[PDB]
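>
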Amino acid sequence: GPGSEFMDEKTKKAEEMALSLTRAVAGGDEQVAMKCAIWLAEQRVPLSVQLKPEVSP
Amino acid sequence: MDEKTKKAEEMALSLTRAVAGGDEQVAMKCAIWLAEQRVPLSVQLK
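Chains as they are written, first to last, in the entry's author numbering: chain B, -5 to 51; chain D, 1 to 46.
(1) Please go through the same chain and pick out, in chain order, the residues whose beta-carbon is closer than 8 Å to the beta-carbon of residue 4 of chain D, but skip the five residues on each side of it.
(2) What does DSSP give as the partner residue(s) for residue 45 of chain B in the beta ladder?
(3) I believe residue 18 of chain B touches residue 45 of chain D by the beta-carbon criterion, under 8 Å. Please report the beta-carbon distance rounded to the nearest angstrom.
(4) Rounded to whole angstroms, what's the CA-CA distance from residue 22 of chain B to residue 6 of chain B? Just pull it up for me.
(5) In whole angstroms, what separates the C-alpha of residue -3 of chain B from that of residue 51 of chain B?
(6) Is the separation between the beta-carbon of residue 43 of chain B and that of residue 43 of chain D shorter than 9 Å?
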């Protein structure tokens, strides 16, 4: 049911993939960015993608 | 707001909707454009 170990495993994996997408995009790694986006879309993750804010001092 | 930033914002929104809707080809197309432009992104699960 809700709050399962499996759901936490899959959420952890989806968060990893979102971080991998962010890094790949930032570094211009087009092949990895596409594979990360494919994976996220296959899983229909409720993802929010925004432009990173300028936060420097 | 330059034309490249406008497109980046469009691609981020399109990627968001594509992932939620399971649209793999659109997700691919948005991600490769963002990556080529090296757009700094903030990505998080809702």
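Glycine is no exception: its CB is placed at the ideal position from the N, C-alpha and C atoms.
In short, the structure shows the following:
(1) Residue 4 of chain D sits at position 4 when you count from the first residue of the second sequence. So the qualifying residues of the chain are 37.
(2) For this step, residue 45 of chain B is matched to residue 51 along the first sequence. The partner list for residue 45 of chain B (beta bridge, DSSP) reads D:41.
(3) The residue you call residue 18 of chain B lines up with position 24 of the first sequence. The residue you call residue 45 of chain D lines up with position 45 of the second sequence. About 17 Å separates the two Cβ atoms, so there is no contact after all.
(4) Your numbering for residue 22 of chain B matches position 28 in the first sequence. Your numbering for residue 6 of chain B matches position 12 in the first sequence. Their backbone Cα atoms lie some 24 Å apart in a straight line.
(5) Indexing the first sequence from 1 puts residue -3 of chain B at position 3. Indexing the first sequence from 1 puts residue 51 of chain B at position 57. Distance between the alpha carbons of residue -3 of chain B and residue 51 of chain B: 39 Å.
(6) On the first sequence, position 49 is the one that residue 43 of chain B refers to. On the second sequence, position 43 is the one that residue 43 of chain D refers to. A contact, by the Cβ cut-off of 9 Å.
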